[PDB]
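Visitor: Give me a model of this one.
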Amino acid sequence: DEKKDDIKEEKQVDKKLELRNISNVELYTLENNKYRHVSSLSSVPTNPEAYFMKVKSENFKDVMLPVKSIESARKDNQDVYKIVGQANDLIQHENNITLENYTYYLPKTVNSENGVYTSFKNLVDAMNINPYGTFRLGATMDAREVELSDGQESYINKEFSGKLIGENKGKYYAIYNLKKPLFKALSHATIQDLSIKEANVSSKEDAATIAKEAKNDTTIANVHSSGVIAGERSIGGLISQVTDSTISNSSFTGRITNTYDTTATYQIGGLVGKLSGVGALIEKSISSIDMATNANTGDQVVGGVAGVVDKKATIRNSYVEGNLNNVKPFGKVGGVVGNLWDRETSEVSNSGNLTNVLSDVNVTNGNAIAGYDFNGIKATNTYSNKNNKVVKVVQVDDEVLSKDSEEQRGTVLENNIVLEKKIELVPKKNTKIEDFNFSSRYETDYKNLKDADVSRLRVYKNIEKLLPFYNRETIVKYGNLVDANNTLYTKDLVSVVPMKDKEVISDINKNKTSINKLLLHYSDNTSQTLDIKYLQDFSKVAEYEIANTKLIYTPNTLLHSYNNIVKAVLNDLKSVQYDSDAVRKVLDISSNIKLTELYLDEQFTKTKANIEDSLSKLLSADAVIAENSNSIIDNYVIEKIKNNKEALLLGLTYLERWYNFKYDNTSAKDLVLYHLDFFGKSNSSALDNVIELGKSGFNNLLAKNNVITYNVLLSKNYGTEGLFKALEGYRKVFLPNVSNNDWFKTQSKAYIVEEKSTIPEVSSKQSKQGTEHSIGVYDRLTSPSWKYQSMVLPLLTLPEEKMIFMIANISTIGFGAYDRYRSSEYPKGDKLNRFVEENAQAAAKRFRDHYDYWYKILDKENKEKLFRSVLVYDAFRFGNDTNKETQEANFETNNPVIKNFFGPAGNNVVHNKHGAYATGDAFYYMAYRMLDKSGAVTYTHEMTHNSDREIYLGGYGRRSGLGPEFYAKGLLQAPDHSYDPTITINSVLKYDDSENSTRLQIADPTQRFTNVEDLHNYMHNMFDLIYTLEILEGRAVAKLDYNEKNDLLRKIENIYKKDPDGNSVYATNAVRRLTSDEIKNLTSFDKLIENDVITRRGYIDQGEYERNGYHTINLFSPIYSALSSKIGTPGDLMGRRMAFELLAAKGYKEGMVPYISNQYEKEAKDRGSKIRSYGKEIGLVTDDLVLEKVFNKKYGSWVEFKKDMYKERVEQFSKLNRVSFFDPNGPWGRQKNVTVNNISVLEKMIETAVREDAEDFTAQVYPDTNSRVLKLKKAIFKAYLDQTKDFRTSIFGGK
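Guide: Residues are numbered from 1 along each chain as shown. Provided below are the atomic coordinates:
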């Protein structure tokens, strides 16, 4: 019945190892017992084969394989060498023909004449043999080919040096990865069109990229440099010391750093360290520098573009666009030139010369153009920008300042900068030879291969990540077997093998044990873990079948045996010591400098004890070695490790110390040290990365510079953009769907507390992980506008879990230490912990309350400016268990808090003697403690210092004469205690039923102030009572006799002294005794206001007051005076009193902001009241202008305003007063109820108290205890403040 019909089936394919993607191959040798590169140096067919090939690639890492034979042949009648590699079952494809082994053709020497163009080793050897001559470049050429040193300080170490080094044969070329000065001496040369791209030079001597010196007419031209530079005794962007040389049209774009405290002369500059010739010039030159220096003495001259400029050396049409940053203002620091003045006996006729020089620097602790300003300055032209020229000047609290050595210009720089219109060149990248890829884009058949589907090119390019080292036919087969619905149809980055979230690298060690998982990382940043089981014992390349996809997976390693290498180099790797001289040789360091700032004292022995496993994993992830029995490549690997053992161990220690955190049980040291291909960029190798990090030098390995080191050295080996972007990428792949702030808080061992404000709207704003409004500490530590970004890595890598507590809030983030509150009453365990945790929560709540009050009070969209981040350190005065003492322990100390934090965070505290001080963008608790109750009030004080100029005021700066401590102590800082009889506003503290006797303040600021108008009502009612009491006492002291009036009353007065600027307009209050005629004038209450009378009871001063002083105004001591400084600033006592009176009368924004916050500067300038302060033409706001603006024309003088306020209070109270005043007024034998019902009783009692305190004068050290008037006023104030809830009403009206 059935008729047999055949079925034609597809044919099965043979699988072989193949190298599809190839960039360029390199041949090595063992000719002189050391492994050296050979580049066409093979001139004859070599007799024996001790060579080996290193086939680089751009898809994955290189594949070192030995050489089977060498023969001379011709591919196209040109003499080439048939270098044939070798592998177990390798295969090579050429025009659809399978060759048994990999063969490339190495041509002999090229005919390129008139210059050595090949490679860096050839170039430097030629220039060493023949210093004269012309040496162009033929290709973009890297500088790590040269072994870089025996003890030398430069690549070319001859005086004469590359007299004509062009770098444009037909197109411009570049030199990569420089590590030392290029020439060490330059004399009569004509360097031209060179372009160094990534230079990392570090020399204890004078350090610069293209040369150390320039003796004769060396015409540098079009030489563009870049990269980081670190020096110790001089620095130069291109040349450290030029004489008689014209560095024209060059540039420099990188970082420069000399932060050592050496007491020696150095001339560091971003372009040239010193010009010292009559014919020296710098023309059409740019300098994008990021310099962080430390001058410390008037001889070290940081210099921006150029350092010392001497003997009529010019700076023409130059330009600098960076961020210079000195530490101390002592040395001569300049934005453009550090010193224009001669070092010999200097006549002005031989000074430096500038012309058409701009400066877009954010220079700190230095001038803006020239560091040294003198009478005969010779700039003759210079421009600038509106940027930060901060110079840290020291008051009792530090603060910013300007320098005023500048010619100012607006923001037309985007046009003024492009006078030299050249913007672009085209430096070529490193060249490649070929690509033996099988999939050719041209279509001989509509299918590229035999079985190649045009719809699945992305599937093939994803399979090429799953299956490296496999023939192209098997690649297309497994591409065709990919399921249609499978998610391998999207772009794929490289995959990793976790083994149940462990990220294994040693595949030879762990192939037998099934790799239980396989993490696929996609371009969408989405991840996907697959299950894989070790399928087939293909020992060359381990094969893992995916669970149910029918595909396979082969890890990118050949399961090579590293036992020989490990046992060979372990002995020489374990005989390395941190304090040895070898470490001081691998680090380009002197003998005076100490290795404390590395903070790798313990991790060094940790990674030296555990060196074998990490070394095996590093070799496994380094490269690919294809051998069975010979050791021609193992010897090369052991030589590479042995020659760089110190650098290897230092890089390994650094990367293990600062990257110990984990993403959900997957350590990040594995993903950082190993698996460089996690973000793409599989070209890189782990061992070379670790080596080049180790050789980076002392400055790059420094603990403070972890983020910068990553960004400028560790990046472009991983493919990332920055350190925090890399951490975010790792968090996106491992542990997804969790905000990175939550990951940081669950990884960091610091006790982080974040208090979101109680207002619903701001809480909703903060609870969103989108930055610029978030409260999360990680969203602010990693964001720009945060100076110390190197805080993140130490915070993640914290050892002991009880050493640091972190208080974060709106507009602040504060760091502390458990060991600060340690004492004999609080030992190390289970008591200090609970105390610090509870007090940290309480202090965070108090700080949140403070900024909640200020967020309510601010109205003119300044509340949007309350989202800043100002750090708050603690004392560093760590305690001990035995005594209740403290040790400062700045740095250099073995306290684990200092070593694990506060040291890696590169912040050094000045360590003043008492109190707390503010820096203007930071805040430190020297004597007070952040977790105490007084910590809140001092925090308020110094935050009013920090946020005075911009946030608390309407953005208008402080007034002309008012100092930083005019605002804090008397106006905006919360009172020290509850019972303080001072006119302040309670913001932070909250009293609980125990201070309710002698309270005299607001107990609940979170419930009292709910708007600006609530603050205005509170102040208006408090001043209603204050004015009532002042009226009552004034109407008594006016009805009084001669001597006792003279005793009770004193006259305040304004005396003007010369401010250390040019002006003498700012007033200073002075309390003096008053004359007989003035006393005889005092016959009523109005005359007390007229004659400037003050009360001696409270303000015990009898002499002049002081500017910038901690003065406060008492509630009960009357100041009958209305003192107006028609000349200028009013003073520090009457200033506070008038500010509070204006806050009582007018609102906070309409009054007391105009009075104290320079708001009418524009109108003062328009009306002619202009002055000159520190060379700046600034308006002067006389108090009469303030009165005219706050109140339109109602009041003509402050005396009239004061008398009108008193008249309003009088007309209110003379008829209506609350009966509820029930003060007892006596401790023993008291009157049970005064029961004040009409103001006659209050007036009679106040008059009796004043009359009985005029006689029996106190006049002693104790005027507050023994005075009856103060007791009566305090009793009345407390009774009224108790009657009303706080200050909602004092005289009910309407009926």
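Visitor: show me the contacts for the spatially most central residue of the chain.
Guide: Within the chain, one residue has its C-alpha closest to the average C-alpha position: by C-alpha atoms, centre = their mean, that is residue 787, at 2.8 Å. Residues near residue 787 by C-beta atoms under 8 Å, 6 or more residues apart in numbering: 871, 921. The C-beta positions use only the backbone N, C-alpha and C, and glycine is treated the same way.
Visitor: Quickly note the distance from it to residue 518.
Guide: Using C-beta to C-beta, to the nearest Å, one gets 42 Å for the distance from residue 787 to residue 518.
Visitor: So the residue nearest to the centre of the chain lies in a strand, does it not?
Guide: No - with DSSP: H, G, I helix; E, B strand; the rest coil as the criterion, residue 787 is assigned coil and is not in a strand.
Visitor: Outline the domain layout of this structure.
Guide: Domains of the chain are assigned by automatic domain parsing as 17-107, 129-437, 454-553, 563-737, 743-952, 1012-1207.
Visitor: And those: which comes nearest residue 1259?
Guide: For residue 1259, the closest of those is domain 1012-1207, at 7.3 Å, according to C-beta to C-beta.
Visitor: and the closest one, how far out from the chain's middle?
Guide: 44 Å (C-alpha atoms, centre = their mean, to the nearest Å).
Visitor: ok, back up a step: could you dump the domains of the chain into JSON lines and include distance to residue 1278?
Guide: Shown next, in JSON lines, are those (distance: least, C-beta to C-beta, whole Å):
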{"stretch": "domain 17-107", "distance to residue 1278": "81"}
{"stretch": "domain 129-437", "distance to residue 1278": "34"}
{"stretch": "domain 454-553", "distance to residue 1278": "64"}
{"stretch": "domain 563-737", "distance to residue 1278": "54"}
{"stretch": "domain 743-952", "distance to residue 1278": "21"}
{"stretch": "domain 1012-1207", "distance to residue 1278": "11"}
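Visitor: Tell me where the stretch 401-550 of the chain has helices.
Guide: Taking DSSP state H, counting those that start in this stretch as the criterion, the stretch 401-550 of the chain carries its helices at 413-416, 457-466, 472-480, 507-510.
Visitor: Buried residues, the longest one. List them.
Guide: For helix 457-466, the neighbour count (16 or more other C-beta atoms under 10 Å) marks 459-460, 462-466 as buried.
Visitor: from those, which is closest to residue 107?
Guide: Proximity of the buried residues of helix 457-466 to residue 107 was ranked by C-beta to C-beta; the top entry is residue 464 with 29.8 Å.
Visitor: Quick check: the closest one vs residue 439, distance?
Guide: From residue 464 to residue 439 the distance is 10 Å (C-beta to C-beta).
Visitor: go on, residue 1246?
Guide: As judged by C-beta to C-beta, residue 1246 and residue 439 stand 102 Å apart.
Visitor: Between the two, tell me which one has more neighbours.
Guide: Set residue 1246 next to residue 439 and count neighbours by other C-beta atoms under 10 Å: residue 1246 wins out with 24 against 15.
Visitor: next structured bit after whichever strand or helix holds the more buried one?
Guide: Using DSSP states H and E, the secondary-structure element containing residue 1246 is helix 1239-1254. Next along the chain after helix 1239-1254, taking DSSP H and E as the criterion, comes helix 1268-1283.
Visitor: Show me what that following helix is packed up against.
Guide: helix 1012-1037, helix 1239-1254 (3 or more C-beta pairs under 8 Å, 6 or more residues apart in numbering; DSSP states H and E).
Visitor: Of those, which stretch is the most buried?
Guide: Among the helices and strands packed on helix 1268-1283, judged by mean count of other C-beta atoms under 10 Å, the one packed with the most neighbours on average is helix 1012-1037 (a mean of 21).
Visitor: Now the element after that helix, going C-ward?
Guide: Assignment by DSSP H and E places the next element after helix 1012-1037 at helix 1042-1048.
Visitor: circling back to that earlier point, switch the helices of the stretch 401-550 of the chain over to TSV; also include distance to residue 1201.
Guide: Output for the helices of the stretch 401-550 of the chain, formatted as TSV (distance: least, C-beta to C-beta, whole Å):
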stretch	distance to residue 1201
helix 413-416	48
helix 457-466	80
helix 472-480	89
helix 507-510	86
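Visitor: quick one: contacts of stretch 523-538?
Guide: By C-beta under 8 Å, 6+ apart, the list of residues contacting stretch 523-538 from outside reads 487, 490-493, 497-498, 511-522, 542-547, 549, 552-553, 729, 732-734, 736.
Visitor: Stretch 391-407 now?
Guide: Defining contact as C-beta under 8 Å, 6+ apart, one finds that stretch 391-407 is touched by 328-329, 364-370, 373, 379, 382-384, 388-390, 910, 917-920, 942, 945, 963-965, 1108, 1174-1176.
Visitor: end to end, how far does it reach?
Guide: The first residue of stretch 391-407 is 17 Å away from its last residue (C-alpha to C-alpha, to the nearest Å).
Visitor: go on, stretch 500-512?
Guide: Using C-alpha to C-alpha, one end of stretch 500-512 lies 15 Å from the other.
Visitor: in it, what counts as buried?
Guide: The neighbour-count criterion (16+ other C-beta under 10 Å) identifies 501-508, 510-511 as the buried residues of stretch 500-512.
Visitor: Pick the one among those closest to residue 2.
Guide: When these are compared for distance to residue 2 (C-beta to C-beta), residue 511 comes out closest, at 49.2 Å.
Visitor: residue contacts, the closest one?
Guide: Shown in contact with residue 511 (C-beta under 8 Å, 6+ apart): 534, 542, 559.
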